[PDB]
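A quick write-up on the structure given underneath.
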Amino acid sequence: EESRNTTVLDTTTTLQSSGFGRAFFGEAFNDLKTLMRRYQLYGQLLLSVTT
Amino acid sequence: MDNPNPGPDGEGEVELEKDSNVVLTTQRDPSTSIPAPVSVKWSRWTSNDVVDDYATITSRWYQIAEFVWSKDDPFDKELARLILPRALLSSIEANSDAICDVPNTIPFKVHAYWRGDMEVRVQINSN
């Protein structure tokens with residue numbers, strides 16, 4: 001299976017979750033739908049009149 | 001008030017400052033100056049490794065500078081620009097031996113990152 005997880009050999013302790021930058025930057029970046037709503041350049045063209 | 005009675009023990013009161021196995025005494029009251037309030041621990045944010053302060057060895061005092069201050073030194077005169085987390089190590093390396101030889105600085109040899117406060121006592125022995 002893909003996301004199966006047999007034996008987690010964890011050496012780590014607990015890391016404090018920032019809330020995807022909510023704790024530092026005042027905004028969460030977990031939802032990737034709201035990053036998609038920043039405007040990206042779609043196209044770029046020079047107006048070429050033929051006829 | 002104002003009853004001087006020295007004896008064989010001396011006159012004044014001696015204050016202490018005990019650490020792990022280092023006691024260093026001053027007759028005079030310190031002129032404390034604290035440039036910032038005490039820092040929070042901050043291993044929660046950037047470390048999953050096992051974090052431990054070695055307070056039985058690291059919190060001891062250690063001499064990192066001694067210098068003669070003569071009258072030949074003029075008015076605007078540096079005497080020691082100590083870079084203090086470095087000067088604890090460079091004093092030991094100035095004693096011509098390694099960092100692992102001193103109990104205060106063996107976790108600097110092992111560990112990679114450090115965050116902590118530093119007490120500094122600049123004692124003088126003027127007349």
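If you're wondering about the labels, chains in the structure tokens are A, B, ... by order shown, residues count from 1 in each chain, ligands from 1 in order shown.
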Inset, instruction - Tell me the residues of chain B close to chain A, meaning within 6 Å using only C-alpha atoms, as a PyMOL selection string. - result: chain B and resi 44-45+48-49
Inset, instruction - as a PyMOL selection string, list the residues of chain B assigned to helix (DSSP H, G or I) by DSSP on the backbone atoms of this structure. - result: chain B and resi 84-94+99-101+106-110
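Residues with any atom within 9 Å of range 13-25 of chain B, counting only C-alpha atoms and excluding same-chain neighbours fewer than 3 positions away, are residues 10, 28, 29, 55, 56, 57, 58, 59, 60, 61 and 62 of chain B.
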Export, as a short mmCIF file (atom, residue, chain, number, x, y, z; two decimals), in the first residue's frame, the selected residues with N, CA and C atoms.
data_model
loop_
_atom_site.label_atom_id
_atom_site.label_comp_id
_atom_site.auth_asym_id
_atom_site.auth_seq_id
_atom_site.Cartn_x
_atom_site.Cartn_y
_atom_site.Cartn_z
N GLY B 10 39.02 40.05 60.53
CA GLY B 10 38.71 41.14 59.63
C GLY B 10 37.46 41.87 60.07
N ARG B 28 32.74 43.39 48.24
CA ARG B 28 31.95 44.54 47.84
C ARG B 28 30.65 44.11 47.17
N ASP B 29 29.66 44.99 47.22
CA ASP B 29 28.41 44.74 46.52
C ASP B 29 28.63 44.91 45.02
N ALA B 55 23.99 21.41 33.80
CA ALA B 55 24.13 22.48 34.78
C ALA B 55 25.08 22.11 35.91
N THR B 56 25.37 20.82 36.08
CA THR B 56 26.34 20.44 37.09
C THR B 56 27.77 20.70 36.64
N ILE B 57 28.00 20.92 35.35
CA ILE B 57 29.32 21.24 34.85
C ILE B 57 29.36 22.58 34.12
N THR B 58 28.31 22.93 33.38
CA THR B 58 28.37 24.15 32.58
C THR B 58 28.16 25.40 33.41
N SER B 59 27.40 25.32 34.49
CA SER B 59 27.11 26.49 35.30
C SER B 59 28.20 26.81 36.31
N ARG B 60 29.39 26.23 36.19
CA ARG B 60 30.50 26.62 37.04
C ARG B 60 31.10 27.91 36.52
N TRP B 61 31.85 28.60 37.36
CA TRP B 61 32.58 29.77 36.89
C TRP B 61 33.88 29.34 36.24
N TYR B 62 34.35 30.14 35.29
CA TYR B 62 35.64 29.86 34.69
C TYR B 62 36.28 31.16 34.26
#
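Between CA of residue 124 in chain B and CA of residue 26 in chain B there is a distance of 9.9 Å.
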Inset, instruction - Could you give me, as JSON, numbers by chain, the residues within 9 Å of residue 84 in chain B, counting only C-alpha atoms and dropping anything in the same chain fewer than 5 positions from it? - result: {"B": [64, 89, 118, 120]}
Restricting it to N, CA and C atoms, dump the selection as a short mmCIF file (atom, residue, chain, number, x, y, z; two decimals), in the first residue's frame.
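Listed below is the output, again.cif:
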data_model
loop_
_atom_site.label_atom_id
_atom_site.label_comp_id
_atom_site.auth_asym_id
_atom_site.auth_seq_id
_atom_site.Cartn_x
_atom_site.Cartn_y
_atom_site.Cartn_z
N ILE B 64 38.26 33.63 32.13
CA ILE B 64 38.44 33.72 30.69
C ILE B 64 39.29 34.91 30.30
N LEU B 89 35.97 29.48 25.10
CA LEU B 89 36.70 28.43 24.41
C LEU B 89 38.10 28.86 24.00
N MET B 118 24.31 34.01 30.14
CA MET B 118 25.69 34.07 30.60
C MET B 118 25.80 35.07 31.73
N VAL B 120 28.45 37.15 34.02
CA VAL B 120 29.83 37.61 33.91
C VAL B 120 30.16 38.42 35.15
#
Tell me which protein, DNA and RNA residues are within 12 Å of range 33-35 of chain B, counting only C-alpha atoms, leaving out same-chain ones fewer than 2 positions away, and put them as a compact mmCIF listing (two decimals) with N, CA, C and O atoms, in the first residue's frame.
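Produced file out.txt, reproduced below:
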# COMPACT_ATOMS: atom_id res chain seq x y z
N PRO B 30 28.01 44.08 44.19
CA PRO B 30 28.22 44.19 42.74
C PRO B 30 27.48 45.38 42.16
O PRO B 30 26.49 45.85 42.71
N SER B 31 27.99 45.88 41.03
CA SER B 31 27.25 46.84 40.22
C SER B 31 26.64 46.07 39.05
O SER B 31 27.20 46.00 37.95
N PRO B 37 15.68 41.25 29.65
CA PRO B 37 15.06 40.26 30.54
C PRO B 37 15.41 38.83 30.12
O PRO B 37 15.89 38.59 29.02
N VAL B 38 15.13 37.90 31.03
CA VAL B 38 15.66 36.54 30.92
C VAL B 38 14.96 35.80 29.78
O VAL B 38 13.74 35.88 29.61
N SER B 39 15.76 35.10 28.98
CA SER B 39 15.28 34.50 27.75
C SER B 39 14.47 33.23 28.01
O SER B 39 14.71 32.51 28.98
N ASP B 117 21.87 31.70 28.77
CA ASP B 117 22.27 32.96 29.35
C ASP B 117 23.72 32.87 29.81
O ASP B 117 24.31 31.79 29.84
N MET B 118 24.31 34.01 30.14
CA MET B 118 25.69 34.07 30.60
C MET B 118 25.80 35.07 31.73
O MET B 118 25.45 36.23 31.56
N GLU B 119 26.29 34.61 32.88
CA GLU B 119 26.66 35.50 33.96
C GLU B 119 28.12 35.89 33.77
O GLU B 119 28.93 35.06 33.36
N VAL B 120 28.45 37.15 34.02
CA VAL B 120 29.83 37.61 33.91
C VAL B 120 30.16 38.42 35.15
O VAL B 120 29.43 39.35 35.50
N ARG B 121 31.26 38.08 35.82
CA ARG B 121 31.73 38.84 36.97
C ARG B 121 33.10 39.39 36.64
O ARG B 121 34.05 38.63 36.49
N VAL B 122 33.19 40.71 36.51
CA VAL B 122 34.46 41.35 36.16
C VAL B 122 35.04 41.88 37.46
O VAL B 122 34.78 43.00 37.89
Inset, instruction - Quote the spacing between CA of residue 114 in chain B and CA of residue 92 in chain B in Å to one decimal place. - result: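 Separation of CA of residue 114 in chain B and CA of residue 92 in chain B: 18.2 Å.
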Inset, instruction - Would you please work out which residue, of B:63, B:43, B:70, B:127, is nearest to residue 82 in chain B when using only C-alpha atoms? - result: B:63
Inset, instruction - Could you check how far CA of residue 54 in chain B sits from CA of residue 115 in chain B, in Å to one decimal? - result: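 Between these atoms lies a distance of 12.3 Å.
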Inset, instruction - Between B:3, B:52, B:108, B:66, single out the one closest to residue 91 in chain B, counting only C-alpha atoms. - result: B:66
